[PDB]
């Protein structure tokens, strides 16, 4: 009868190899005292009574165990193998080796050591919710232990992190009970793969400190902050509050601790940061005249609902005439609602679809929420200022990348490299283009209008009138910013809470404004004390730290792995599986899947079950319900051809075969049943 030998679990690193989570082995000492423990020729293999006293001398000197306790245990009646309590467990490797040498030199047999593995998180309170926990779980079949990811990244990448288990034959007493430390390995375990995350430990450490200060200032019930590379979608730092120490779990049992992951599980109405998307759509639609004016004095009525600006609802002013650019700076709900009505519900609702709201990112984590998008006319209008629509933080980050990256939306990423150290192979990530909601010009103009949110002394909601300067500053750079306030729903009444500061406050910042390098998004729910100036506590120093790092944030193990052989990967049989979870799995393995349609079953895939898929290779997964033309921006020609063949559409190409789609002559969302021809422009 065999016993499983758990493989070493893979190490989780930051982007440059700083250890975030790793296995740690310690040992438990046992002594076999049964007079039945002899070889076939009756060689005594147990610890003999003539030696009990010497064992106590050794245990006292080496472990600080009182001689009388060692002696007591060694003399236990009816016992086969005995242990030695707390001092007999958690023994380091160096001490174990010393103890072994001591018994061997003293001619004492029967002492043994059983390995016990724990997961170590060296950075303590550091992206704790993101990393999650792997815990020791007992296999009820054979009594073996192995580490199993329970939450966060540990749980999400458990398949990669977990090696292939080994096998051993343990000796047993006559009662069938396993004798520990006696193993003979028969099948060697194969180590798990290492995961290099996109995180920058230095930046993350700095973010944790500033986030603690931000919580002291606001006393909010929860908060989040994430920094993203504006050009690649890589998550460089991410945290939430309240949090806990990953190594000791301290904070998890604190009053008010919230177990919900704020990056991808929590669903919320985002509020005014959504005006960034709105404004970009208005500019892209051609329905934005920055200079045209309007009045917020009477608000605006949609259906049977009244919409008003913040200053009107707080009695700051009787109303005022503003430019649309000024209303954007001022975060005027009325001005934005007017822009929404000018483009119309159908158009705006389609922009939200192009921005992928209501669709999970499937970026690699398990338990991601999808958000909620309403098709009710009142909600569509409200969504223009981020109410009546539910999102996750990661959906907002994804949308922000199109603003920061010339209209080209990117998939947020948290895995930089997956490494097989046994084989010396790796799979290294590159950016994943997933759509193009607006033009380069619309994105650029949106970013420029966002500077005024910070710089306009009269209208900017993020200008510090007391200091005569913007709240958010990063060296001498122009900073693209947008603040937000959002009404929060009440569980009792269903409707929004009315208390002072009983809101979700947030900000998005991009620096430098004209050619962004970094995006930062911060949220705080129900701050006891609030002032927009508090954002300077967390945004300013973190973005300045990011800018000061340079090649430390650009580089990773990627620079040094270009000559390293690439690990092979294949999907296996996925026809009939669920598209969502399959796409999520593929991204964990650095594949860039494109899910076609909304069905819950995979009908076709552009690569075969045993076909090798290179890192970053783009593939198509056609679901069983696919009726509308996708946004094909960034698709490879191979994928355009596969799609066209699957749906019987005639494609005319403009551009070299090596390129990816830069333009399509038929708009995304048109019925496939009426689409016979498309002109696709390729850009290499």
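Residue numbers count along the first chain shown, from 1.
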Avg C-alpha B-factor, entry values, 560 to 568 vs 438 to 446, higher side is 560 to 568
Of 237 to 245 vs 323 to 331, the stretch with the larger average CA B-factor in the entry is 323 to 331
When the entry's CA B-factors for 509, 106, 426, 211 are compared, the highest one belongs to 106
Based on the PDB entry, the highest CA temperature factor among the options 266, 223, 609, 82 is that of 82
Residue 357: C-alpha B-factor third of its chain, per the entry, is the lowest
Entry-reported C-alpha B-factor of residue 35 relative to its chain, by third, is highest
Split the chain's modelled residues into thirds by Cα B-factor; residue 656 lands in the highest
In terms of its chain's C-alpha B-factors, the third that includes residue 196 is the lowest
Split the chain's modelled residues into thirds by Cα B-factor; residue 517 lands in the lowest
